[PDB]
2 protein chains.
Amino acid sequence: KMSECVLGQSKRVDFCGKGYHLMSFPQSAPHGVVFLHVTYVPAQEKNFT
Amino acid sequence: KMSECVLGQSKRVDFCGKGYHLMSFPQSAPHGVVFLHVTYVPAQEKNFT
Ligand SMILES: *[C@@H]1O[C@H](CO)[C@@H](O[C@@H]2O[C@H](CO)[C@@H](O)[C@H](O)[C@H]2NC(C)=O)[C@H](O)[C@H]1NC(C)=O
Ligand SMILES: *[C@@H]1O[C@H](CO)[C@@H](O[C@@H]2O[C@H](CO)[C@@H](O)[C@H](O)[C@H]2NC(C)=O)[C@H](O)[C@H]1NC(C)=O
């Protein structure tokens with residue numbers, strides 16, 4: 001995830017958060033790592049022919 | 001990796017070597033496999049407005 005979510009933009013569904021992946025920022029934790037996933041989510045659909 | 005690095009071109013970051021993946025060639029090793037990763041690396045940048 002560090003390489004594919006933070007050092008690039010992924011197309012893998014659900015791999016880098018929910019929505020269309022834009023970017024990620026790492027944060028450190030005591031024995032691990034926390035990823036902040038930024039995604040694009042569409043809203044307010046309308047009907048068309 | 002045999003499927004995704006050798007039988008195709010991957011966009012996965014750092015999965016098929018360092019740089020932009022072009023192609024890979026397998027070699028047999030005793031009890032293992034060796035991947036020769038061919039990558040594209042840019043060089044000699046200039047700055048512009
Ligand atoms: C697009 O049109 C359809 C109907 O063709 C709308 O469907 C409605 O759906 C609600 C539930 O969400 C039902 O209670 C209504 O009875 C439906 N209407 C009809 C006329 O069947 C749908 O809501 C429309 N989509 C948008 C985004 O407005
Ligand atoms: C593009 O311009 C930037 C400055 O805007 C260059 O960075 C400077 O590089 C010199 C030489 O290494 C350093 O002494 C300066 O401290 C740098 N400035 C800053 C603000 O970091 C950069 O090297 C230029 N790129 C190229 C290819 O020439």
# chains A, B, ... in the order shown; residues from 1 in each chain; ligands from 1
>>> calpha_fit_and_write(fixed="chain B", moving="chain A", output="CSV table (one decimal) with C-alpha atoms, in the first residue's frame")
chain,number,residue,atom,x,y,z
A,1,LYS,CA,4.9,-11.6,-10.8
A,2,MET,CA,5.3,-14.1,-13.6
A,3,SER,CA,1.9,-13.2,-15.0
A,4,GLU,CA,1.9,-9.5,-14.3
A,5,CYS,CA,5.5,-8.7,-15.0
A,6,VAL,CA,6.5,-11.1,-17.8
A,7,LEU,CA,3.2,-11.8,-19.6
A,8,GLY,CA,2.1,-8.2,-19.5
A,9,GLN,CA,3.0,-4.6,-18.6
A,10,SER,CA,2.1,-3.5,-15.1
A,11,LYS,CA,1.3,-0.1,-13.7
A,12,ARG,CA,1.7,-1.2,-10.0
A,13,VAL,CA,4.3,1.0,-8.4
A,14,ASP,CA,7.5,-0.8,-7.5
A,15,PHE,CA,5.9,-4.2,-8.2
A,16,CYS,CA,8.0,-4.9,-11.3
A,17,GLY,CA,11.2,-3.1,-10.5
A,18,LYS,CA,12.0,0.6,-9.9
A,19,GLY,CA,11.0,3.0,-12.7
A,20,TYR,CA,8.3,2.8,-15.3
A,21,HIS,CA,7.8,-0.8,-16.1
A,22,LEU,CA,8.5,-1.9,-19.7
A,23,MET,CA,9.3,-5.6,-19.6
A,24,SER,CA,10.7,-8.6,-17.7
A,25,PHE,CA,12.6,-11.7,-18.5
A,26,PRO,CA,12.7,-14.8,-16.3
A,27,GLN,CA,15.8,-16.9,-15.4
A,28,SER,CA,15.8,-20.1,-13.5
A,29,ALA,CA,17.7,-20.7,-10.2
A,30,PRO,CA,18.3,-23.9,-8.3
A,31,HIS,CA,15.2,-23.6,-6.0
A,32,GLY,CA,13.6,-20.4,-7.3
A,33,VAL,CA,13.3,-17.9,-10.1
A,34,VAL,CA,15.2,-14.7,-10.9
A,35,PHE,CA,13.4,-11.9,-12.7
A,36,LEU,CA,15.2,-9.3,-14.8
A,37,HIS,CA,13.2,-6.1,-14.7
A,38,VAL,CA,13.5,-3.5,-17.4
A,39,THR,CA,12.3,0.0,-16.4
A,40,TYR,CA,12.3,3.5,-17.9
A,41,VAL,CA,13.9,6.2,-15.8
A,42,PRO,CA,13.8,9.9,-16.8
A,43,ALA,CA,16.9,12.0,-16.5
A,44,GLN,CA,18.2,15.6,-16.9
A,45,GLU,CA,15.3,17.8,-15.9
A,46,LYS,CA,15.1,21.5,-16.7
A,47,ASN,CA,13.1,24.4,-15.2
A,48,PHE,CA,10.1,25.9,-17.0
A,49,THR,CA,7.3,28.4,-16.2
>>> select_by_dssp(residues="chain B", states="strand (DSSP E)", output="PDB file with C-alpha atoms, in the first residue's frame")
ATOM      1  CA  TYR B  20       8.476   2.754 -15.112  1.00  0.00           C
ATOM      2  CA  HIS B  21       7.922  -0.860 -16.076  1.00  0.00           C
ATOM      3  CA  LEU B  22       8.657  -1.748 -19.678  1.00  0.00           C
ATOM      4  CA  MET B  23       9.286  -5.499 -19.677  1.00  0.00           C
ATOM      5  CA  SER B  24      10.769  -8.399 -17.718  1.00  0.00           C
ATOM      6  CA  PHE B  25      12.679 -11.601 -18.573  1.00  0.00           C
ATOM      7  CA  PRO B  26      12.702 -14.707 -16.337  1.00  0.00           C
ATOM      8  CA  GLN B  27      15.741 -16.800 -15.479  1.00  0.00           C
ATOM      9  CA  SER B  28      15.811 -20.105 -13.627  1.00  0.00           C
ATOM     10  CA  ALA B  29      17.686 -20.391 -10.351  1.00  0.00           C
ATOM     11  CA  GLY B  32      13.852 -20.154  -7.176  1.00  0.00           C
ATOM     12  CA  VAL B  33      13.267 -17.617  -9.890  1.00  0.00           C
ATOM     13  CA  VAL B  34      15.161 -14.503 -10.952  1.00  0.00           C
ATOM     14  CA  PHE B  35      13.404 -11.613 -12.682  1.00  0.00           C
ATOM     15  CA  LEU B  36      15.296  -9.217 -14.927  1.00  0.00           C
ATOM     16  CA  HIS B  37      13.271  -6.005 -14.698  1.00  0.00           C
ATOM     17  CA  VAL B  38      13.558  -3.469 -17.534  1.00  0.00           C
ATOM     18  CA  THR B  39      12.432   0.015 -16.518  1.00  0.00           C
ATOM     19  CA  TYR B  40      12.202   3.538 -17.937  1.00  0.00           C
TER      20      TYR B  40
END
